[PDB]
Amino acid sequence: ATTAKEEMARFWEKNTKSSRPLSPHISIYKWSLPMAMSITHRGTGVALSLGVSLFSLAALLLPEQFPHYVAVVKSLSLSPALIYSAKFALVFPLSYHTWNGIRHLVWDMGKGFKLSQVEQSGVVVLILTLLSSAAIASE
């Protein structure tokens, strides 16, 4: 016999030096809503982090303080519709990540695992994200 650890090492030694191709995956797999929402959770999380890091870095490197830059934008008298749209786009990823984050914590407690529940909780998260973002962007 061979231990499981020796079998794994032989598998990698044999296949990495062989002529066998790796069968396609991400390019041929059918997407579903839960699958798309999962990579979006990661994408929003990373965007939010980069955002916080840039802010933090701007705080340390910009010449002026925060109020000065807010005043300069206000001085331009930009279209309120454009401002509304900008607020929507800023809060959308945070709203999405927060609501789907809550959906993740409920799975960690062991709940909502039936396929029908996974699909329903996912659509509820998209609805809450859109309602939240719309309400917050208007205030």
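We number the residues from 1 along the sequence you see.
Note on 29-37 vs 77-85: mean CA B-factor is higher in 77-85. The mean Cα B-factor in the deposited entry runs higher for 52-60 than for the other of 108-116 and 52-60. Among the modelled residues of its chain, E139 has a C-alpha B-factor that falls in the highest third, as given in the PDB entry. When all modelled residues of the chain are sorted by CA temperature factor, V46 is found within the middle third. Per-chain ranking of the deposited C-alpha B factor places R20 in the lowest third. For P93, the recorded CA temperature factor ranks within the middle third of the chain's modelled residues.
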